[PDB]
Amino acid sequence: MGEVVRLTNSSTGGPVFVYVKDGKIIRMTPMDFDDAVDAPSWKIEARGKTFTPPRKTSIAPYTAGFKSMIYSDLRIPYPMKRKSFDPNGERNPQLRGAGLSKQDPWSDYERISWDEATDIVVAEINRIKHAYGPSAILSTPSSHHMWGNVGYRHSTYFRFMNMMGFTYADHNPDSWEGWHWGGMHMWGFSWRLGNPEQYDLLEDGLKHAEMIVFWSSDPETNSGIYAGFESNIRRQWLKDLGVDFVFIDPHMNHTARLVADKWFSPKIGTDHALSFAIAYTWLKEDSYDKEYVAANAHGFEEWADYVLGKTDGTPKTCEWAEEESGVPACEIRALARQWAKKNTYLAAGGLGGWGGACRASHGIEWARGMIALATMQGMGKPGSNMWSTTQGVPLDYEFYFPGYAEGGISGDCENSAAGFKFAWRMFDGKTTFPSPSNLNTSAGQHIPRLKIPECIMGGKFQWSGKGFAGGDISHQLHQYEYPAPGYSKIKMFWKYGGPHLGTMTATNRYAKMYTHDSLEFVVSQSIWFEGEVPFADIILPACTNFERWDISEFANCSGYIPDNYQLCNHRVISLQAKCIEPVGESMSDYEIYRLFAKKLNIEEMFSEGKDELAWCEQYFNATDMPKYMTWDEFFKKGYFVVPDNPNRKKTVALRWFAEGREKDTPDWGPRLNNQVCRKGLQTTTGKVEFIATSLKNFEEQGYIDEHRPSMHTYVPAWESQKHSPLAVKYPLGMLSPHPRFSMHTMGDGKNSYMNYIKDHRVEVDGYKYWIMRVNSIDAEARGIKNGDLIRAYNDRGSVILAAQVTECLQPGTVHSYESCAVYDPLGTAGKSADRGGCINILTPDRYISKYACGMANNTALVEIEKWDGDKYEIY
């Protein structure tokens, strides 16, 4: 009926140009810059060359095929109601997921209007509040959300929920685990949940790098986060400069498969054995920065004695490490000597921190081991630092534009990074106001996301820390209980999405909690009918960001990751145009909340009379954008490439710390009161503490925790092959990192195009099965061949997978990505084998340590065999 129009929008996989015609999306593509209106790119001269990025953006796989998710047939059609659910009669809690238990989820629901769906939900809210109170209403979205700042969970969700309830199931620091619960005590960086600063490292690396050690790092796959393939050319440059790339990862990951000069496959949970043997070598050969350490380390003398085996009678030799990890002694020693004599950067994780190794049972020692190595080599000095090659791009750190983590329209200073700068800019205390929460706070009531099942089915729990404990090193040490004093047990559960079966730990328990009679009501506000959604009583259809207006910046998260847009080659700010009308009877989360506000008699206070677009303009004017172009002009253009700032003086990460001077980078910390004349790290001594003073106080106060000693030591992983009694029955070591062709659950299932990718899922007799990589020697020993359906199992459950026999795993180790979007039980829900591919049904739910309340997923012992077709309803 009309012509094609090029619009703009973005995603978690990068910004895109969207072509529309007659209300239909025709295609989505990477973005090309128009040099007539888009500012020039930065340039870096190093080792005789000139390095400048391509005048173009890049996208991730899951974004390239995103159109198939938007128009998915698993896309929730309209509000739905569980047939067996009667608000005023038999609620039949025990029938939640009944359809799923008979392999027909859809038949459990019937269609209802929006007016009725909300009428029902409102009646439950008001009943529960007046009888038990706002705390009786549990709710939680999850870690990731559809791209869009104004509509991100930190913004729209919090702004509405803070006005209605509620008990928040605060999120465990999943991505940071090890750095958060362990590394933090060693070097601070709480405002980054234990991760390191990365500013201006690209130019420093190009000028000085000779070697880079990628440890639990796969940049090509993870891109750090949200950055498509922006850094791919940077490693190309380093490669062509003669820099050696070494990979240490149980699985020969994708970055390694592309540019590895050497690959090591340590057994799961044994990395810290390698780092101890590397430090041992440095000590025996005097091959480390002694001067650096004398000035910046604390308790090094004692730590040194342990590494040498004086205090425990076991020198941490390369041979000792070989027997632990399977990695050849000579190669560990060779790497150590090369590392010492070369300008080596430690790429721990794919962001500069993180790394699957941190959320494993050895996650705490690995993170501290990483800090140890980097420290001994003098991080901060030219050609020596912790850098994963994904951040450090010379972008304009001075230009300010909010990340989603800064709260958007909620202004929640307690649960978003709004308190740092954006809150002050967005609200004026006159015409527009924030939405605080007097419950989602420490003295209020929240529960750990990782232990929701025990709280609902058990009615009680006690733990350490509240969600992201980034305020200070010791905030995570504070003790909480459930129910919180004076507050009520959970009666209702308002879910935003439903991915926990594939994303948490020992997930069968999450399927079981839904039928507990304590749960009076379960609402589900999601986009696709999958995962946990088929357990709800009421289902509300939410739309993707391509069906609403918003605004954002390429990969800009901010908050606990200050200035992370440095992951990109450019700072691209784009208007996320509403390209098409909401699909089916779905609506945006903000319009859903606006309808409830009207019903709860708080419409004015919640919306302030604004639609999503009006909030966008207000958001716009609270940034630095106006300095370059008005709202109108920006709306018209669709995107803006931030100009380069050639002059600003460079401040390399941690260099100020290496040189014993005041902190000069744009980092959000440490806070003044955590430093003596703003020098040194956030730790007490201002030094890297090998014997953490925070933990030493904790343990002397009575909190004894054997798996989290004050001194970084070799604590055997409690879920490893040689230290767990469990290995007798389950001899195979499993690690389950993030999905290659999906942003966690957003990409997999849903009948998307990604399901046809050879290395993503395998079709066998009409059904596309999840993949588990097995080493040829282990497969042969079990009669397993490529493409065979196998059963992965242990005491937690059974998962049906298609086998991929490969060499990219040391014999004895198996690999399978996590974040499966499809939960499809062969028998009763939560009690039988899954064939959807939820590998997390098999991961350990035990906290990393007694007081380290994080997930230890990447260290899981399992056993495999050809599947005899049984449903194994024994859980």
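All residue numbers are counted from 1 along the displayed sequence.
A.B. asks: Please compare 839 to 847 with 40 to 48 and name the stretch with the higher mean C-alpha B-factor in the deposited structure.
C.D. replies: Averaging CA B-factors over each stretch, the winner is 40 to 48.
A.B. asks: Compare the mean C-alpha B-factor of 413 to 421 with that of 535 to 543 as given in the PDB entry, and name the stretch with the higher value.
C.D. replies: Averaging CA B-factors over each stretch, the winner is 413 to 421.
A.B. asks: In this PDB entry, which of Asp472, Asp563, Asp249, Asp86 has the top CA B-factor?
C.D. replies: Spelled out: the listed residue with the top C-alpha B-factor is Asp86.
A.B. asks: Looking at the C-alpha B-factor values in the deposited entry, which of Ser558, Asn222, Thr255, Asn508 comes out highest?
C.D. replies: Of the candidates given, the C-alpha B-factor peaks at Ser558.
A.B. asks: Classify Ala852 as lowest, middle or highest third according to the C-alpha B-factor given in the PDB entry, relative to its own chain.
C.D. replies: Tercile = lowest for this residue's CA B-factor.
A.B. asks: Going by the CA temperature factor in the PDB record, which third of the chain does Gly584 belong to: lowest, middle or highest?
C.D. replies: Highest third of the chain for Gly584's C-alpha B-factor.
A.B. asks: Thinking about Cα B factors across the chain, which third does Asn343 belong to?
C.D. replies: For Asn343, whose C-alpha B-factor we compare with every modelled residue in the chain, the answer is the lowest third.
A.B. asks: Sort the modelled residues of this chain by their C-alpha B factor and say whether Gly429 lands in the lowest, middle or highest third.
C.D. replies: CA B-factor rank for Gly429: highest third.
A.B. asks: State the tercile, meaning the lowest, middle or highest third, of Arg359 with respect to the CA B-factors recorded for its chain.
C.D. replies: Tercile = middle for this residue's CA B-factor.
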